[PDB]
Each structure stands twice: as structure tokens, then as C-alpha cells.
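Asks: PDB entry and its sequence, pasted below:
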Amino acid sequence: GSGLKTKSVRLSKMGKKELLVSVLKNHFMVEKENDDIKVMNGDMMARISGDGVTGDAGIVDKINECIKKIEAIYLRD
């Protein structure tokens, strides 16, 4: 029998980037362009790249808040 359970099969509990997309999309209109994530709200726009964000400061501050809270959820902060 497999009573030991040395295998978990799959482990997807670090997908913070996925939740960023979902949460931002639930509050703002989000567009995917140049394989980046664009957050748009009130004609303001922001671009999230692999390791940097450039965009409207209001959106950026919100993005950062969302990222950090979500980071706290999976990685703990």
C-alpha cells in the first residue's frame, strides 16, 4: 500500500502571479499585450512585465498592494 505518501502528485500553492491577474481583473479592466499585463482604470493604464511595473502611479500603488497581500497569502509576508 501507499501509506507513506512520498508523492503529492502536484503542488500549486505559489501561484501568486495568477491571483494578481484575477484580483486586478475583478476590480479593473485588464488587458494582455506584448505578453505583459496591462491594468486599466479611469483611462489610466499600467504595464506589468516579468520583473518590473511601469504605469499610472495610482494603478501601480494598487497593484503593489495587491501583489504584497497576495504574496503574503502564498509566501507569507
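Replies: That came through, no problem. Numbering: from 1, shown residues only.
Asks: how about the strands of this structure, start to end?
Replies: 29-33, 36-41, 44-48, 53-55 (DSSP state E).
Asks: list the buried residues in the first one.
Replies: This points to strand 29-33. For strand 29-33, a neighbour-count test (16 or more other Cβ atoms under 10 Å) marks residue 30 as buried. No exception for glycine: its C-beta is placed from N, CA and C like everyone else's.
Asks: which helices and strands does it pack with?
Replies: On a contact count with 3 or more Cβ pairs under 8 Å, 6 or more residues apart in numbering; DSSP states H and E, strand 29-33 meets strand 36-41.
Asks: so which elements touch the strand it packs on?
Replies: When contacts are defined as 3+ Cβ pairs under 8 Å, 6+ apart, strand 36-41 packs onto helix 16-25, strand 29-33, strand 44-48, helix 57-74.
Asks: out of these, the one nearest residue 3 is which?
Replies: Comparing these against residue 3 with Cβ to Cβ, the closest turns out to be helix 57-74 (29.2 Å).
Asks: what helices or strands is the closest one leaning on?
Replies: Going by 3+ Cβ pairs under 8 Å, 6+ apart, helix 57-74 lies up against helix 16-25, strand 36-41, strand 44-48, strand 53-55.
Asks: wait, which of the helices and strands packed on strand 36-41 is closest to residue 6?
Replies: helix 57-74 (23.4 Å).
Asks: how about that closest one: buried residues?
Replies: Buried, per 16+ other Cβ under 10 Å, within helix 57-74: 59-60, 62-63, 66-67, 70-71.
Asks: which one of those residues sits closest to residue 14?
Replies: residue 71 (10.0 Å).
Asks: contacts only, for the closest one.
Replies: 16, 77 (Cβ atoms under 8 Å, 6 or more residues apart in numbering).
Asks: excluding covalently adjacent residues, which one is nearest to residue 19?
Replies: residue 70 (4.7 Å; Cβ to Cβ, 6 or more residues apart in numbering).
Asks: contacts only, for the residue nearest the centre of the chain.
Replies: Geometric centre of the chain, nearest residue: residue 20, 2.1 Å, by Cα atoms, centre = their mean. With contacts defined as Cβ under 8 Å, 6+ apart, the neighbours of residue 20 are 37, 48, 63, 66-67, 70.
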